[PDB]
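Q: Questions regarding the structure given below will be posed in turn.
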Amino acid sequence: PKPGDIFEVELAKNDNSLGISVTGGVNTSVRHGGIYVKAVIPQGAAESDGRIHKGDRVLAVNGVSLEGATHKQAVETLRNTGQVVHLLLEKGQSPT
């Protein structure tokens, strides 16, 4: 994919464990910045389904908007997902 394209991620729930975590980035000291990844959990989806690394930014989650205030609360939203989880991430601009 190109640097900017907003590719969507649609996979299936494995062992009721998405294998992905989030952190507080759009609620540190900005009106509306963005969220980041805490750590990749290659033990379910991030491993098999792949297409989930560290650094990318999560725009939304199963319809739930993260931009605004979703550091720990989002962790529950991702867990409370059916069999088909729809994630919308964006190719970060600094893979470090």
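Chain lettering (A, B, ...) mirrors the order of the structure tokens, residue numbering begins at 1 for each chain separately, and ligand numbering begins at 1 in order of display.
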Please identify all polymer residues within 9 Å of stretch 71-86 of chain A, counting only C-alpha atoms, omitting same-chain residues fewer than 2 positions from it, and present them as a list in words.
A: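 My list of contacting residues is residues 8, 9, 10, 11, 12, 13, 14, 16, 17, 18, 20, 21, 22, 23, 24, 25, 26, 27, 35, 60, 61, 62, 63, 64, 66, 69 and 88 of chain A.
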Q: Write down as a list in words the residues belonging to stretch 24-72 of chain A that are assigned strand (DSSP E) by DSSP computed on the backbone.
A: residues 36, 37, 38, 39, 40, 57, 58, 59, 60, 61, 64 and 65 of chain A
Q: Contacts of residue A:94 at 10 Å or less, counting only C-alpha atoms, minus same-chain residues fewer than 3 places along, as a count of residues only?
A: 3
Q: Mind pulling up the distance from atom CA of residue A:57 to atom CA of residue A:28?
A: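 Those two atoms sit 15.2 Å apart.
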Q: For a quick check of understanding, using only C-alpha atoms, which of A:67, A:5, A:49, A:15 has the smallest distance to residue A:36?
A: A:67
Q: Residues at most 12 Å from residue A:2, counting only C-alpha atoms, excluding those fewer than 3 positions away in the same chain, as a VMD selection string?
A: chain A and resid 5 to 7 90 to 93
Q: By how many Å are atom CA of residue A:53 and atom CA of residue A:34 apart?
A: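 Here the two named atoms are 16.4 Å from each other.
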Q: Just the helix (DSSP H, G or I) stuff from chain A, please, per backbone DSSP, written as a PyMOL selection string.
A: chain A and resi 73-79
